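Structure record follows, encoded as structure tokens.
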Amino acid sequence: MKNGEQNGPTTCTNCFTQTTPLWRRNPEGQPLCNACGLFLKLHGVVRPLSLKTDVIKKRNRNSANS
DNA sequence: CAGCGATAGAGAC
DNA sequence: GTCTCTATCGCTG
Ligand SMILES: [Zn+2]
């Protein structure tokens, strides 16, 4: 609905992180951030969310031009 | 033109 | 030396 606010802040229902380069979701339609959706889907087992970090290593980019 | 999945790399001990 | 975790890329419609 145009309010652009499901609630307001699209939040990871698994780790509450507001900072992420790509928003993922759970096969059940629940929103996830980058690592939760990528890790939970790949591992398929509960996980000490304590591995979570508010600091993300910025990587380079295989970009250039041509 | 934008978004997503899958794969691969690096670090620490 | 090995294992694990996470992010970015390329491709398509
Ligand atoms: Zn998350």
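For the structure tokens, the naming scheme is as follows: chains receive sequential letters (A, B, ...) according to their order of presentation, residues are indexed from 1 within each chain, and ligands are indexed from 1 in presentation order.
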
TODO: Counting only C-alpha atoms (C1' of nucleotides), collect the residues of chain B whose closest atom lies at most 10 Å from chain A, and write them out as a PyMOL selection string.
DONE: chain B and resi 3-5

TODO: Write out as a PyMOL selection string all residues of segment 8-52 of chain A that backbone DSSP assigns to helix (DSSP H, G or I).
DONE: chain A and resi 34-43+49-51

Print the selection's residues with N, CA, C and O atoms to a file, as a compact mmCIF listing (two decimals), in the first residue's frame.
# COMPACT_ATOMS: atom_id res chain seq x y z
N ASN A 34 20.77 -10.12 3.99
CA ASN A 34 21.64 -10.85 3.03
C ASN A 34 22.13 -12.19 3.59
O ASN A 34 21.88 -13.24 3.03
N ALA A 35 22.87 -12.16 4.67
CA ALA A 35 23.44 -13.42 5.24
C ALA A 35 22.37 -14.38 5.77
O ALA A 35 22.48 -15.58 5.58
N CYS A 36 21.35 -13.91 6.44
CA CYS A 36 20.33 -14.87 6.97
C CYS A 36 19.72 -15.68 5.83
O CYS A 36 19.71 -16.90 5.86
N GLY A 37 19.21 -15.03 4.83
CA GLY A 37 18.60 -15.76 3.68
C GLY A 37 19.66 -16.63 3.00
O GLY A 37 19.40 -17.77 2.65
N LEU A 38 20.84 -16.12 2.81
CA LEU A 38 21.91 -16.92 2.14
C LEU A 38 22.39 -18.06 3.05
O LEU A 38 22.66 -19.15 2.58
N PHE A 39 22.54 -17.81 4.32
CA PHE A 39 23.04 -18.89 5.22
C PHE A 39 21.95 -19.89 5.59
O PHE A 39 22.14 -21.09 5.51
N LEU A 40 20.83 -19.42 6.05
CA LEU A 40 19.76 -20.36 6.48
C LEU A 40 19.38 -21.27 5.31
O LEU A 40 19.27 -22.47 5.46
N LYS A 41 19.17 -20.71 4.16
CA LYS A 41 18.81 -21.54 2.98
C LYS A 41 19.91 -22.56 2.69
O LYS A 41 19.65 -23.72 2.44
N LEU A 42 21.15 -22.13 2.69
CA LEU A 42 22.27 -23.07 2.38
C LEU A 42 22.49 -24.09 3.50
O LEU A 42 22.86 -25.22 3.24
N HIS A 43 22.33 -23.72 4.74
CA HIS A 43 22.59 -24.68 5.85
C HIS A 43 21.31 -25.41 6.27
O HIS A 43 21.33 -26.59 6.57
N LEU A 49 22.72 -16.90 16.09
CA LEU A 49 22.71 -15.59 15.39
C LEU A 49 23.86 -14.73 15.95
O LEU A 49 24.15 -13.66 15.46
N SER A 50 24.50 -15.22 16.98
CA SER A 50 25.63 -14.46 17.60
C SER A 50 26.77 -14.27 16.59
O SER A 50 27.68 -13.50 16.82
N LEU A 51 26.73 -14.94 15.47
CA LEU A 51 27.82 -14.75 14.47
C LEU A 51 27.55 -13.43 13.76
O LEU A 51 28.40 -12.87 13.09

Task: Shell of 12 Å around residue 12 of chain B, only C-alpha atoms (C1' of nucleotides), local chain residues under 3 positions omitted, as a PyMOL selection string - done: chain C and resi 2-4

Take the residues from that selection and put them in a file with N, CA and C atoms (P, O5', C5', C4', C3', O3' and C1' of nucleotides), as a short mmCIF file (atom, residue, chain, number, x, y, z; two decimals), in the first residue's frame.
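Just written: part_18.cif:
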data_model
loop_
_atom_site.label_atom_id
_atom_site.label_comp_id
_atom_site.auth_asym_id
_atom_site.auth_seq_id
_atom_site.Cartn_x
_atom_site.Cartn_y
_atom_site.Cartn_z
P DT C 2 45.23 -29.14 2.26
"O5'" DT C 2 44.13 -28.77 3.38
"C5'" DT C 2 44.00 -29.58 4.55
"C4'" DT C 2 42.86 -29.09 5.46
"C3'" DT C 2 41.56 -28.84 4.68
"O3'" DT C 2 40.55 -29.78 5.07
"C1'" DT C 2 42.19 -26.89 6.02
P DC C 3 39.06 -29.66 4.48
"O5'" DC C 3 38.39 -28.53 5.42
"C5'" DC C 3 38.18 -28.78 6.82
"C4'" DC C 3 37.43 -27.63 7.50
"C3'" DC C 3 36.09 -27.32 6.81
"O3'" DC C 3 35.01 -27.53 7.72
"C1'" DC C 3 37.48 -25.32 6.96
P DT C 4 33.49 -27.19 7.29
"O5'" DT C 4 33.40 -25.60 7.55
"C5'" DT C 4 33.58 -25.07 8.86
"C4'" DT C 4 33.36 -23.55 8.91
"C3'" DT C 4 32.01 -23.15 8.29
"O3'" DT C 4 31.14 -22.60 9.29
"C1'" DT C 4 33.85 -21.90 7.27
#

Task: Shell of 12 Å around residue 53 of chain A, only C-alpha atoms (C1' of nucleotides), local chain residues under 4 positions omitted, as a PyMOL selection string - done: (chain A and resi 15-20+35-36+48-49+57) or (chain C and resi 6)

Counting only C-alpha atoms (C1' of nucleotides), which residues in chain C sit no more than 10 Å from chain A? For each one, give the nearest pair of atoms and the distance in Å, sorted by chain then residue number, as a Markdown table.
| residue | atom | partner | partner_atom | distance |
| --- | --- | --- | --- | --- |
| C:5 | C1' | A:39 | CA | 8.3 |
| C:6 | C1' | A:35 | CA | 6.6 |
| C:7 | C1' | A:59 | CA | 7.2 |
| C:8 | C1' | A:61 | CA | 6.8 |
| C:9 | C1' | A:62 | CA | 7.2 |

Task: Filtered DSSP result for chain A, state strand (DSSP E), as a ChimeraX atom specification - done: /A:24-26,30-32

Selected residues written out, N, CA, C and O atoms, as an mmCIF file, in the first residue's frame:
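Result went into result.cif, see below:
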data_model
loop_
_atom_site.group_PDB
_atom_site.id
_atom_site.type_symbol
_atom_site.label_atom_id
_atom_site.label_comp_id
_atom_site.auth_asym_id
_atom_site.auth_seq_id
_atom_site.Cartn_x
_atom_site.Cartn_y
_atom_site.Cartn_z
ATOM 1 N N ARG A 24 16.836 -10.435 1.391
ATOM 2 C CA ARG A 24 16.402 -11.807 0.988
ATOM 3 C C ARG A 24 15.099 -12.127 1.721
ATOM 4 O O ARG A 24 14.624 -11.341 2.514
ATOM 5 N N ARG A 25 14.512 -13.267 1.468
ATOM 6 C CA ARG A 25 13.239 -13.626 2.163
ATOM 7 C C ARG A 25 13.207 -15.132 2.440
ATOM 8 O O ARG A 25 13.910 -15.906 1.823
ATOM 9 N N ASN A 26 12.390 -15.545 3.372
ATOM 10 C CA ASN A 26 12.293 -16.996 3.709
ATOM 11 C C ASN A 26 11.244 -17.650 2.798
ATOM 12 O O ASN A 26 10.214 -17.061 2.546
ATOM 13 N N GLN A 30 8.652 -14.697 4.649
ATOM 14 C CA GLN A 30 9.163 -13.788 5.720
ATOM 15 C C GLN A 30 10.441 -13.097 5.209
ATOM 16 O O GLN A 30 11.285 -13.739 4.616
ATOM 17 N N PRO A 31 10.588 -11.804 5.402
ATOM 18 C CA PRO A 31 11.788 -11.063 4.907
ATOM 19 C C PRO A 31 13.072 -11.400 5.678
ATOM 20 O O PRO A 31 13.069 -11.551 6.883
ATOM 21 N N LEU A 32 14.168 -11.482 4.970
ATOM 22 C CA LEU A 32 15.491 -11.775 5.600
ATOM 23 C C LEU A 32 16.508 -10.787 5.027
ATOM 24 O O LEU A 32 16.291 -10.225 3.973
#
